[PDB]
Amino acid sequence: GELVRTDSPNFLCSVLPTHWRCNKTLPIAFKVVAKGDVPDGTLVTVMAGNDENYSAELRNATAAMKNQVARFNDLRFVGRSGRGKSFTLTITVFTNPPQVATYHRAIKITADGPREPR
């Protein structure tokens, strides 16, 4: 699908909803794409946090690069980002040495997620 720039000049990632319920499968399978050449089999990891939650609990935050593409099978956010607050994502490509790309205000995780007014 449509990619997007990360805080690193070497990596791009898929688009994530701005708001999503915790532990809920994402609408679009997340994936990290390397601009430059990255060896197949190279591991890629995802982490999250901010001023309210220093480290969000995630699920399946590990993927192996393949043809420049590392797609996470069912990544989920369990830790919550806080009212109005968003998560800073830290993408880590394990090359030697490790390359790390961040993505600020990436996604807001809450108990309910988006909901129609009441």
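Heads up: residue numbers just count along the shown sequence, starting at 1.
Per the PDB record, of the two stretches 98-106 and 17-25, 98-106 carries the greater mean B-factor over its C-alpha atoms. For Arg83, the recorded CA B-factor ranks within the middle third of the chain. Only modelled residues enter the ranking.
Annotation for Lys66: CA B-factor lies in the highest third of the chain's modelled residues.
When the modelled residues of the chain are ordered by their C-alpha B factor, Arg59 lands in the lowest third. When all modelled residues of the chain are sorted by CA temperature factor, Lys35 is found within the highest third.
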